[PDB]
Amino acid sequence: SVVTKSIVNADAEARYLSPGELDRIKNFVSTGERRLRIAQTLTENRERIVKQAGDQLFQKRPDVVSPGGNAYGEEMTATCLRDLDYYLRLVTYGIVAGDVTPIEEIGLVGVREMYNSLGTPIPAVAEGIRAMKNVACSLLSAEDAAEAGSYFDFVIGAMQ
Amino acid sequence: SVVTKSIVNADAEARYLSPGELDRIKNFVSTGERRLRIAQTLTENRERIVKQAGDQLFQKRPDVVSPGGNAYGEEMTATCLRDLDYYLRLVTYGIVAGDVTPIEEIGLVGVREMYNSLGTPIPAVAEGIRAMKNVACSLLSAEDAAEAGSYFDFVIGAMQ
Amino acid sequence: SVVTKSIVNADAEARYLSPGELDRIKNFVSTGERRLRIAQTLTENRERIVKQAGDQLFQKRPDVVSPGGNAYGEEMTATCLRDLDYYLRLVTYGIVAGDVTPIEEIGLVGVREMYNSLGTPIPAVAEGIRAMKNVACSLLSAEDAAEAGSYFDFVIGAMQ
Amino acid sequence: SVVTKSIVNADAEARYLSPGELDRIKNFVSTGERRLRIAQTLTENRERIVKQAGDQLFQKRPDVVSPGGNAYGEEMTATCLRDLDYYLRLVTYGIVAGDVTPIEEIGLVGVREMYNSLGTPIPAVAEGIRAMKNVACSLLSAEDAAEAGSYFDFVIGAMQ
Amino acid sequence: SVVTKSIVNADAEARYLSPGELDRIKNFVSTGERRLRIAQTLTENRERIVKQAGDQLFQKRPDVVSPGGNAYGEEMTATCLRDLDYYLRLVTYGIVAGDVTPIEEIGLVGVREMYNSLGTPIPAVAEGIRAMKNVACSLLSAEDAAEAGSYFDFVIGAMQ
Amino acid sequence: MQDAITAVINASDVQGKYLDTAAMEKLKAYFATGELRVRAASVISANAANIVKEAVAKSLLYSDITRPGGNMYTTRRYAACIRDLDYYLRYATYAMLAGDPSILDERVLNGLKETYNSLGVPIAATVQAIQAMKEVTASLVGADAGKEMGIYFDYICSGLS
Amino acid sequence: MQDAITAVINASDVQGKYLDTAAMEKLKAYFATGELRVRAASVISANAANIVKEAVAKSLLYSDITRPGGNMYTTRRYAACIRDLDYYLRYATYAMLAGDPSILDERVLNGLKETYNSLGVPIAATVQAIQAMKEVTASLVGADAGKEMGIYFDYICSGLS
Amino acid sequence: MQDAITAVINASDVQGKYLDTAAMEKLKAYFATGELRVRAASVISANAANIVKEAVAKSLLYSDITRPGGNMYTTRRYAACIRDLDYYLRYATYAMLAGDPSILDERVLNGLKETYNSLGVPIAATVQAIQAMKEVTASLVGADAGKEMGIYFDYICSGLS
Amino acid sequence: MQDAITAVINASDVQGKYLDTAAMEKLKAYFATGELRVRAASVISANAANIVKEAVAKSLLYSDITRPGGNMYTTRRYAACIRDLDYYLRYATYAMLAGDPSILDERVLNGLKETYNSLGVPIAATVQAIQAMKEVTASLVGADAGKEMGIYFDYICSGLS
Amino acid sequence: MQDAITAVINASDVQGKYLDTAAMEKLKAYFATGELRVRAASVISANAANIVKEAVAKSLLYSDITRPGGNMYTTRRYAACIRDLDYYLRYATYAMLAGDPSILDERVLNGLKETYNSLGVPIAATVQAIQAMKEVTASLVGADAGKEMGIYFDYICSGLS
Amino acid sequence: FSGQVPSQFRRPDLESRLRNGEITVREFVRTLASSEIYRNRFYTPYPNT
Ligand SMILES: CCC1=C(C)/C(=C/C2=NC(=C\c3[nH]c(/C=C4\NC(=O)[C@H](C)[C@H]4CC)c(C)c3CCC(=O)O)/C(CCC(=O)O)=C2C)NC1=O
Ligand SMILES: CCC1=C(C)/C(=C/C2=NC(=C\c3[nH]c(/C=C4\NC(=O)[C@H](C)[C@H]4CC)c(C)c3CCC(=O)O)/C(CCC(=O)O)=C2C)NC1=O
Ligand SMILES: CCC1=C(C)/C(=C/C2=NC(=C\c3[nH]c(/C=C4\NC(=O)[C@H](C)[C@H]4CC)c(C)c3CCC(=O)O)/C(CCC(=O)O)=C2C)NC1=O
Ligand SMILES: CCC1=C(C)/C(=C/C2=NC(=C\c3[nH]c(/C=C4\NC(=O)[C@H](C)[C@H]4CC)c(C)c3CCC(=O)O)/C(CCC(=O)O)=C2C)NC1=O
Ligand SMILES: CCC1=C(C)/C(=C/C2=NC(=C\c3[nH]c(/C=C4\NC(=O)[C@H](C)[C@H]4CC)c(C)c3CCC(=O)O)/C(CCC(=O)O)=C2C)NC1=O
Ligand SMILES: CCC1=C(C)/C(=C/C2=NC(=C\c3[nH]c(/C=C4\NC(=O)[C@H](C)[C@H]4CC)c(C)c3CCC(=O)O)/C(CCC(=O)O)=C2C)NC1=O
Ligand SMILES: CCC1=C(C)/C(=C/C2=NC(=C\c3[nH]c(/C=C4\NC(=O)[C@H](C)[C@H]4CC)c(C)c3CCC(=O)O)/C(CCC(=O)O)=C2C)NC1=O
Ligand SMILES: CCC1=C(C)/C(=C/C2=NC(=C\c3[nH]c(/C=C4\NC(=O)[C@H](C)[C@H]4CC)c(C)c3CCC(=O)O)/C(CCC(=O)O)=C2C)NC1=O
């Protein structure tokens with residue numbers, strides 16, 4: 001969490017929490033309900049967003065979607081979509097937390113190794129994340145979309 | 001600034017500013033006007049605030065200003081008031097900054113060594129800052145007192 | 001050269017080059033004549049082998065040739081072929097040297113980072129190198145080809 | 001073994017054995033028969049070579065053999081001969097293995113300190129080893145003498 | 001000087017000179033007149049002591065003087081004796097200083113490497129130093145010989 | 001380390017499912033308590049020296065530990081005792097801000113018993129001192145902050161084992 | 001390092017006087033710029049890799065520098081060139097948010113020219129690439145953000161040359 | 001660490017006699033078998049990544065371990081699992097080339113079972129996957145190379161123990 | 001390494017000659033005045049804190065240096081300034097005990113002027129502070145010992161300027 | 001470092017074209033010279049200590065440098081002279097066996113003159129000793145080997161000059 | 001230089017030991033310094049001085 005990151009820095013410094021750091025935690029408390037509301041909206045529209053983003057991703061990377069790609073056949077495409085769904089759930093968890101560190105633990109560590117082991121294309125995964133960002137902008141308020149877009153941008157960097 | 005502290009953490013992390021870190025920077029941008037107003041109030045009431053604080057500190061520990069004390073005599077008492085004024089100006093800078101970064105580099109690093117060399121009592125200096133905190137709470141709005149009190153409190157803890 | 005690598009190890013040991021290492025250098029001096037004949041065959045098939053292997057690689061990865069792929073258009077396809085040709089020349093130089101370290105320094109060290117910037121697909125490049133190895137097995141005598149295939153395989157492993 | 005030393009380097013690299021290193025190991029497999037035959041000849045003539053080298057060493061260092069020397073007395077001379085024969089047997093083992101490192105690990109590490117404790121002169125021990133090397137070169141074939149000379153050179157460096 | 005060595009240790013520890021170290025300096029200064037008187041006596045009788053010790057050393061190690069030794073011939077023996085004379089002067093300097101540091105700087109730093117390069121026998125050199133120490137102990141007064149014995153013993157240990 | 005939000009995230013990750021409404025309610029409760037916890041932490045930092053002084057005096061002042069042979073009878077041991085006590089107070093304070101004691105247990109309670117056994121320090125006497133510090137800290141902070149601080153101090157007491 | 005607010009605070013500390021009206025409006029200018037800065041920073045992070053790729057394509061790709069013997073004609077050399085460009089871009093984005101060139105002076109531009117010279121990498125080639133990156137960054141960030149990003153990147157390019 | 005020839009030499013050194021004729025015969029047989037083993041080992045190195053992928057597909061793909069909470073159901077966990085399999089393969093390749101599994105037992109198997117038990121990773125399940133990988137690798141390498149692969153796999157079974 | 005007695009020994013070593021009467025006389029003088037030097041050095045160490053306090057009061061305090069923007073305006077700079085004077089005194093007293101000015105040049109005066117120039121320390125202010133220390137140290141040590149201490153203090157000042 | 005075959009490869013890489021047949025013939029000449037160089041290098045390592053002793057006798061022995069105050073007249077100085085000569089011999093042997101002088105220039109040469117100037121060691125005296133070492137090494141290695149090793153030693157001396 | 005790019009040469013077995021806790025950071029540093037990775041980047045090219 002944001003508190004976890006700030007406390008980690010303070011513990012390394014071996015100092016009680018600074019006034020500004022405490023203020024940051026207080027801001028998290030103030031905006032916790034709004035963050036939870038955005039996360040609840042994401043969970044509510046999770047299935048529809050997954051479907052729409054999947055269509056956009058297949059359009060962007062037809063070879064992977066087609067036979068002779070990583071998502072060759074309905075079963076392979078379904079497994080790919082399930083992995084993308086796990087990404088989306090992790091993104092929702094990170095958005096609720098307010099810190100990208102939980103999402104990094106879930107998916108970012110060894111992401112290149114996992115993609116190489118599967119054989120699938122990392123750039124296509126990133127494009128799917130971008131499609132999810134557009135859908136989230138449609139389904140969120142402008143202030144909510146900006147924060148969700150920032151977490152999704154960290155996800156895009158993780159895909160790279 | 002709070003942005004400066006976030007930048008230092010990001011430089012150590014070798015990563016672009018975190019989305020949550022940018023969010024706190026946005027909060028600092030929003031609170032710039034309120035922080036500036038609080039700092040203006042402190043600067044406006046500067047002479048009376050530290051005058052009352054000096055009386056309170058000398059009342060709490062009369063040996064600071066008594067014969068054989070560090071500040072015995074008019075000139076040394078004025079120098080003690082200057083040291084308190086240095087701290088007050090640093091607190092105003094820190095309130096504008098929104099972070100402990102301004103104060104830590106000035107008056108919170110090696111201050112114990114300097115005061116020990118000259119002979120002034122570190123605990124009595126800390127009490128003087130506490131007296132300033134009480135005066136500032138009296139002279140500021142309730143939530144303005146809370147924020148200003150937080151920055152003052154970091155200064156007091158540093159003296160410890 | 002293998003002698004250069006042995007000299008580096010000896011320098012770290014702070015010892016004169018080992019008698020066994022010197023014997024290894026003599027053995028590669030013996031191997032160099034047959035290696036030179038194999039290298040002459042490689043230079044003879046510099047262009048024809050590249051064309052045949054390139055056709056196989058293009059068949060393996062049609063999407064890259066397709067518009068929107070890395071090698072989209074005649075100019076991009078020519079650049080892809082030129083990169084493959086540069087790798088082939090590096091393979092010939094490394095085979096003559098006997099040490100894969102010369103090949104590694106010229107390329108395949110940070111090549112993944114270069115590919116990430118350029119947009120090139122590492123899997124298709126690796127498959128093309130493997131196809132070049134198969135074409136080379138047909139092109140060259142088996143005894144010479146077995147060592148040459150290992151050099152090509154070292155490049156392929158670095159790519160993967 | 002030489003293959004074992006290459007394997008240790010490969011393990012430090014954490015990569016599969018180098019193509020040239022594997023080729024060198026294959027050459028060692030071919031060379032094993034010649035190493036075995038030469039070693040058998042050396043073992044057959046080991047006792048005679050030891051006696052001849054001992055006579056040459058006594059001629060080189062009469063003072064050591066005489067009273068006031070390390071080998072003064074029959075018992076001291078016999079211990080000297082036993083040390084020389086043990087080193088000769090170790091040399092045969094190292095030549096058979098094909099790895100100078102195994103011989104160095106077994107003995108000649110801190111051998112100067114061991115000779116200091118015994119009181120014997122390191123230069124005189126070296127001269128005895130040189131006489132043994134000349135006898136071994138005569139006993140072995142010209143190809144075998146070349147390898148035996150290299151092992152003897154390593155022993156000479158250890159002696160010095 | 002002994003005070004100099006203590007000062008070196010104190011500077012490394014980043015502390016002013018210890019009361020015990022100051023007491024060491026006071027004692028050394030108080031005994032300095034006797035120390036220099038003993039040193040002057042050693043310098044006065046240096047030549048005669050050198051001749052007697054050289055004869056004793058040659059008697060103990062005739063082989064070194066004889067052909068086949070480091071001091072083979074009059075010229076080689078003369079160079080040997082000159083090195084001994086330089087060591088004797090260094091020993092006098094160390095006794096005067098009250099610390100072995102001056103002698104250690106002049107010699108015994110890399111002295112083993114120098115002896116190995118020249119081929120001269122370290123044990124024989126040590127025995128010669130011991131013979132000089134015995135003669136010098138007889139030559140000097142009992143109090144002076146006691147200090148001279150300690151300095152010479154340090155030299156003998158360095159030789160061994 | 002771990003925090004309250006991180007613990008909820010860990011439970012959801014183990015489930016492999018999106019956050020439940022009840023789990024979200026737990027997170028909302030943490031958000032509600034955060035303001036009081038943060039103000040209490042700021043108060044703790046301001047009066048940290050006073051808390052340490054009062055607790056040390058109640059625990060071991062004018063005692064055999066201070067008296068010769070009492071293991072706190074050297075100036076170095078006295079300073080080290082204060083250092084260990086201050087570290088306990090500070091780490092527990094950070095854990096109180098987090099709302100989760102896992103960070104305190106992992107960071108401070110790992111191997112502490114073995115280290116104290118090698119040191120020869122009385123863990124039970126330290127536990128009594130920590131309980132006294134909990135009482136003083138509760139008094140200074142207030143009832144609401146004292147309850148959470150007491151729970152964290154109880155976790156420290158369990159780690160004393 | 002320094003910030004706009006921190007630098008004004010430093011200047012006020014040098015003067016030895018509490019916040020002036022001039023200090024207030026300099027700080028207020030930074031406060032107003034903050035919204036533009038943070039939005040641009042998010043965009044820069046999102047399109048950072050694409051920015052590097054576009055810049056080298058516009059300036060140094062498909063040239064003699066990329067062709068053999070051009071200081072970028074190796075896989076390792078090419079990766080190093082992209083790395084140094086990313087280093088400059090990241091520190092420049094930091095500095096743009098900070099509002100002051102102290103960060104770039106302290107870290108980005110310390111001994112860089114001398115190291116580049118001794119290596120033999122062309123300072124002029126780096127300067128051209130930096131200007132191309134500035135153009136791409138201004139396009140992505142927006143007009144107002146591009147003006148500020150131009151100032152920071154200009155400091156890096158000028159210091160390099 | 002000990003080579004096969006080095007082990008024979010060590011036995012002779014302990015005996016205090018020159019290497020026996022029977023030991024020399026064993027060394028010669030080792031060289032003759034080593035030529036074929038080396039060729040197969042080069043093949044194994046070329047297809048090492050493919051072998052790892054095939055084993056993972058055989059067991060790990062579409063498995064409860066992949067499902068959340070299965071001790072490989074994380075990005076870090078998945079990277080570590082694949083890496084551990086590859087490291088076992090590389091060490092086994094070195095052991096097969098040497099002809100002695102002593103090096104693999106000395107480092108790779110040194111407390112690896114205890115560490116895995118502490119981690120909670122299923123040693124027996126990993127051993128079953130490793131046995132499947134060994135079977136596929138033996139088939140590709142050949143019967144004679146499969147015999148060496150069987151010795152390495154037997155060391156892997158001991159590591160499971 | 002250089003000391004007074006050691007330097008006499010070193011010069012004699014360069015000659016290779018046995019100890020001359022002149023060398024004996026110089027060494028005897030060092031032996032003779034060691035008593036006064038030692039007693040004064042102990043006094044200096046005992047009153048070291050008071051000496052630097054007196055020196056800054058007499059020279060470096062209540063001026064623009066400690067007023068804003070004077071390179072001592074901040075507590076960090078002040079702490080470094082008194083620390084620098086303390087080091088100056090410590091190595092100076094080391095050298096005064098040794099009797100040879102070479103030691104201070106080896107450590108205190110090696111690159112000190114360049115370092116101070118780079119950081120912006122006022123060379124003249126440091127020199128006057130050293131002179132103020134010289135007066136205070138002379139007062140505490142006494143005339144006979146202070147005169148000896150003053151020579152080596154003045155050597156430090158000469159190196160600075 | 002760089003080797004002869006590597007240098008031909010480097011020239012071909014700078015050109016961009018594959019190795020020419022004539023360039024391969026140059027490489028074949030290097031291969032032919034390598035056999036004699038290798039045998040001579042083994043001989044040089046065996047008699048390296050004797051060669052160093054012979055050169056030291058030729059120049060350093062019975063010399064004013066060895067005499068007190070001659071800059072070679074210390075135990076540390078004599079050991080350092082021996083070590084420096086040994087290091088030069090080791091680098092020269094590596095260069096001669098490799099057949100390319102790039103290694104010697106890369107490691108030994110860079111700032112060797114500057115380091116000798118700072119130390120105060122006599123560069124001309126070292127150069128004369130290097131010539132003596134070249135003569136002894138040529139005698140031990142043989143005429144054909146002496147030309148190559150002597151050329152490398154002459155290159156080192158030329159750089160020193 | 002960047003601090004964001006640990007290139008290929010990194011020692012993952014050393015990382016694994018450190019993660020497990022078997023290798024202390026001090027030992028990690030010694031292995032990293034001893035390895036050929038450090039040698040190639042620093043020892044062999046630059047002079048011993
Ligand atoms: C063997 C080394 C050693 C020392 C020295 C030491 C000191 C020491 N001083 C103490 C208290 C104290 N120390 C002082 C000291 C002073 N007050 C003054 O006005 C004077 C200036 C000054 C002494 C001349 C006072 C007043 C207390 C009691 C504090 C209190 O009870 O509130 C205590 C706690 C009470 C106790 O003794 O149980 C200790 C342990 N402990 C040690 O292990
Ligand atoms: C000496 C070592 C070395 C190498 C190898 C190297 C390669 C290299 N390949 C490039 C381009 C490229 N490389 C590819 C590669 C491929 N596209 C595909 O579909 C295939 C799978 C694959 C090859 C078979 C492509 C498509 C480009 C052009 C990229 C673009 O501009 O759109 C470029 C950038 C353009 C330029 O040359 O300026 C370089 C530098 N540079 C070096 O210094
Ligand atoms: C203060 C921050 C900082 C800077 C500035 C820095 C630069 C820096 N650049 C270097 C090399 C280099 N830099 C480049 C970069 C380029 N190639 C090109 O074609 C372009 C003109 C250019 C930039 C786009 C290249 C090719 C090398 C040498 C790589 C090699 O051959 O080993 C090196 C030598 C070590 C190495 O090879 O990486 C350093 C230290 N390091 C730092 O810590
Ligand atoms: C909690 C973090 C986490 C993630 C994300 C994860 C992903 C993951 N992706 C997998 C495979 C896969 N991943 C993909 C991915 C794709 N193929 C495409 O064409 C697209 C471009 C792309 C997604 C849109 C595919 C195709 C497979 C199956 C591999 C195959 O059988 O060919 C597998 C192996 C099969 C299985 O699930 O058992 C896992 C475990 N594992 C984790 O622990
Ligand atoms: C930016 C950080 C900073 C600060 C704060 C600072 C203050 C400061 N306070 C000083 C003195 C002093 N400070 C005190 C302090 C006190 N006496 C008391 O009784 C009280 C308990 C207490 C203050 C409330 C006294 C008495 C002196 C004069 C000392 C003397 O001359 O006897 C001095 C030395 C005299 C001078 O000004 O030259 C400085 C530099 N300097 C700095 O660089
Ligand atoms: C200041 C410290 C210092 C010392 C001691 C020193 C010694 C020293 N001894 C030498 C030679 C020698 N040293 C010896 C020594 C001995 N041979 C024996 O039989 C005895 C056991 C023994 C003496 C008691 C001999 C025989 C030589 C001449 C070797 C030769 O040139 O053949 C040489 C080489 C010739 C020369 O002087 O140029 C040096 C430098 N150098 C120094 O800088
Ligand atoms: C890469 C291989 C390599 C070389 C070549 C090298 C040279 C080298 N020679 C040195 C010293 C030295 N070199 C000499 C050499 C000589 N004095 C003489 O009278 C002769 C003319 C001459 C020998 C032929 C001396 C006397 C010193 C020590 C300087 C001193 O402290 O007085 C030093 C200073 C550190 C030390 O004491 O070792 C270095 C680094 N270092 C290396 O790592
Ligand atoms: C000498 C070569 C070598 C070996 C063999 C080795 C084993 C090894 N594997 C580890 C981790 C691991 N190993 C696995 C493995 C698996 N998970 C599964 O579901 C499968 C059944 C299985 C693979 C077949 C996992 C998941 C971890 C990570 C555990 C964690 O920290 O979370 C760790 C813990 C430290 C770490 O790497 O993070 C070690 C030490 N280390 C070495 O240096």
# chains A, B, ... in the order shown; residues from 1 in each chain; ligands from 1

$ residues_near_ligand --ligand "ligand 3" --cutoff "8 Å" --atoms "only C-alpha atoms and all ligand atoms" --output "short mmCIF file (atom, residue, chain, number, x, y, z; two decimals) with N, CA, C and O atoms, in the first residue's frame"
data_model
loop_
_atom_site.label_atom_id
_atom_site.label_comp_id
_atom_site.auth_asym_id
_atom_site.auth_seq_id
_atom_site.Cartn_x
_atom_site.Cartn_y
_atom_site.Cartn_z
N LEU G 60 19.23 9.39 -35.99
CA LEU G 60 20.45 8.60 -36.19
C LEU G 60 20.22 7.25 -36.85
O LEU G 60 21.20 6.65 -37.31
N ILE G 65 26.11 6.27 -38.85
CA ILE G 65 26.32 5.93 -37.45
C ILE G 65 25.81 4.53 -37.16
O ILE G 65 26.44 3.76 -36.43
N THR G 66 24.65 4.18 -37.73
CA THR G 66 24.15 2.82 -37.59
C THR G 66 24.94 1.84 -38.45
O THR G 66 25.08 0.67 -38.08
N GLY G 70 30.34 3.13 -36.96
CA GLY G 70 29.74 4.43 -36.70
C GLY G 70 29.44 4.72 -35.24
O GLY G 70 28.64 5.61 -34.94
N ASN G 71 30.09 3.98 -34.35
CA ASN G 71 29.87 4.05 -32.91
C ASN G 71 28.53 3.55 -32.41
O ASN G 71 28.29 3.52 -31.21
N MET G 72 27.66 3.14 -33.33
CA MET G 72 26.38 2.55 -32.97
C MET G 72 26.17 1.25 -33.74
O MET G 72 25.09 0.65 -33.69
N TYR G 73 27.21 0.81 -34.43
CA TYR G 73 27.12 -0.35 -35.32
C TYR G 73 27.51 -1.65 -34.62
O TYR G 73 28.33 -2.43 -35.11
N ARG G 76 25.62 -4.35 -28.86
CA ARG G 76 25.95 -3.74 -27.58
C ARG G 76 25.99 -2.22 -27.68
O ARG G 76 25.45 -1.52 -26.82
N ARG G 77 26.65 -1.69 -28.72
CA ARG G 77 26.73 -0.24 -28.88
C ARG G 77 25.35 0.37 -29.05
O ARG G 77 25.03 1.40 -28.44
N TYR G 78 24.50 -0.26 -29.87
CA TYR G 78 23.16 0.25 -30.08
C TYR G 78 22.36 0.25 -28.79
O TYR G 78 21.67 1.22 -28.47
N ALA G 79 22.47 -0.83 -28.01
CA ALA G 79 21.78 -0.89 -26.73
C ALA G 79 22.29 0.21 -25.79
O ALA G 79 21.50 0.84 -25.08
N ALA G 80 23.60 0.44 -25.78
CA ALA G 80 24.16 1.48 -24.93
C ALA G 80 23.66 2.86 -25.34
O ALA G 80 23.36 3.70 -24.48
N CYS G 81 23.57 3.12 -26.64
CA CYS G 81 23.07 4.40 -27.11
C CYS G 81 21.63 4.62 -26.66
O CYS G 81 21.28 5.69 -26.15
N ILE G 82 20.78 3.60 -26.83
CA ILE G 82 19.40 3.70 -26.38
C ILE G 82 19.35 3.91 -24.87
O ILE G 82 18.52 4.67 -24.36
N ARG G 83 20.24 3.24 -24.14
CA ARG G 83 20.26 3.36 -22.68
C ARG G 83 20.59 4.78 -22.25
O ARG G 83 19.91 5.36 -21.40
N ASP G 84 21.65 5.37 -22.82
CA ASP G 84 22.03 6.72 -22.45
C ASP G 84 20.93 7.72 -22.79
O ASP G 84 20.67 8.65 -22.03
N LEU G 85 20.27 7.53 -23.94
CA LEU G 85 19.16 8.39 -24.30
C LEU G 85 18.02 8.27 -23.29
O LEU G 85 17.40 9.27 -22.91
N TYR G 87 18.35 7.39 -20.15
CA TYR G 87 18.85 8.04 -18.94
C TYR G 87 18.60 9.54 -18.99
O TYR G 87 18.06 10.13 -18.04
N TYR G 88 18.96 10.17 -20.11
CA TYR G 88 18.73 11.60 -20.26
C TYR G 88 17.24 11.93 -20.21
O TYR G 88 16.84 12.90 -19.58
N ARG G 107 23.35 15.11 -11.50
CA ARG G 107 23.44 13.72 -11.93
C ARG G 107 23.66 13.57 -13.42
O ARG G 107 24.58 12.86 -13.84
N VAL G 108 22.83 14.21 -14.25
CA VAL G 108 22.83 13.92 -15.68
C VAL G 108 24.10 14.43 -16.35
O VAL G 108 24.68 13.75 -17.20
N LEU G 109 24.54 15.64 -15.99
CA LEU G 109 25.57 16.34 -16.75
C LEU G 109 26.91 16.42 -16.01
O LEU G 109 27.69 17.36 -16.24
N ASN G 110 27.20 15.46 -15.15
CA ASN G 110 28.43 15.45 -14.36
C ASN G 110 29.46 14.56 -15.04
O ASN G 110 29.34 13.33 -15.02
N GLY G 111 30.48 15.18 -15.64
CA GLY G 111 31.53 14.45 -16.32
C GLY G 111 31.11 13.74 -17.58
O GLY G 111 31.94 13.02 -18.17
N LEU G 112 29.87 13.91 -18.02
CA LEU G 112 29.36 13.17 -19.16
C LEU G 112 30.12 13.52 -20.43
O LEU G 112 30.45 12.64 -21.23
N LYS G 113 30.40 14.81 -20.64
CA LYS G 113 31.09 15.23 -21.85
C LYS G 113 32.49 14.63 -21.93
O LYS G 113 32.91 14.14 -22.98
N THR G 115 33.63 11.88 -20.44
CA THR G 115 33.53 10.44 -20.68
C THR G 115 33.18 10.15 -22.13
O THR G 115 33.77 9.26 -22.75
N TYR G 116 32.22 10.89 -22.69
CA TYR G 116 31.85 10.71 -24.09
C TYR G 116 33.04 10.96 -25.00
O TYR G 116 33.27 10.21 -25.96
N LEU G 119 35.65 8.13 -24.81
CA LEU G 119 35.13 6.97 -25.53
C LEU G 119 35.21 7.18 -27.04
O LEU G 119 35.52 6.25 -27.79
N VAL G 121 32.45 8.71 -28.59
CA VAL G 121 31.07 8.91 -29.03
C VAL G 121 30.87 10.38 -29.40
O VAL G 121 31.35 11.27 -28.68
N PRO G 122 30.18 10.68 -30.51
CA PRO G 122 30.09 12.06 -30.99
C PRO G 122 29.14 12.89 -30.15
O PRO G 122 27.95 12.58 -30.04
N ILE G 123 29.66 13.98 -29.56
CA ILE G 123 28.83 14.90 -28.80
C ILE G 123 27.77 15.53 -29.70
O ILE G 123 26.62 15.72 -29.30
N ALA G 124 28.16 15.89 -30.93
CA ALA G 124 27.21 16.49 -31.86
C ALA G 124 26.09 15.52 -32.20
O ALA G 124 24.92 15.92 -32.30
N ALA G 125 26.42 14.24 -32.41
CA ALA G 125 25.38 13.25 -32.68
C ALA G 125 24.41 13.15 -31.52
O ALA G 125 23.19 13.08 -31.72
N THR G 126 24.93 13.14 -30.29
CA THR G 126 24.05 13.11 -29.12
C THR G 126 23.17 14.35 -29.06
O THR G 126 21.99 14.27 -28.72
N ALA G 129 20.37 14.08 -31.54
CA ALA G 129 19.38 13.12 -31.05
C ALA G 129 18.54 13.71 -29.93
O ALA G 129 17.33 13.47 -29.86
N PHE K 1 25.51 2.09 -15.57
CA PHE K 1 25.39 3.54 -15.43
C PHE K 1 23.95 3.95 -15.13
O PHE K 1 23.69 4.70 -14.18
N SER K 2 23.00 3.46 -15.93
CA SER K 2 21.61 3.86 -15.76
C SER K 2 21.09 3.47 -14.39
O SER K 2 20.34 4.23 -13.76
#

$ residues_around --residues "residue 19 of chain K" --least-positions-apart "4" --cutoff "12 Å" --atoms "only C-alpha atoms" --output "PyMOL selection string"
(chain H and resi 80+115+119) or (chain K and resi 12-15+23-25+28)

$ write_last_selection --atoms "C-alpha atoms" --output "compact mmCIF listing (two decimals), in the first residue's frame"
# COMPACT_ATOMS: atom_id res chain seq x y z
CA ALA H 80 11.39 -19.40 -10.21
CA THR H 115 15.16 -25.83 1.33
CA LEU H 119 9.55 -23.36 1.02
CA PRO K 12 21.07 -15.47 -11.03
CA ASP K 13 22.43 -18.26 -8.84
CA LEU K 14 23.92 -15.62 -6.55
CA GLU K 15 20.54 -13.88 -6.57
CA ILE K 23 24.34 -15.94 1.06
CA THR K 24 24.85 -12.68 2.90
CA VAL K 25 25.19 -9.44 0.94
CA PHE K 28 27.24 -11.78 -2.73
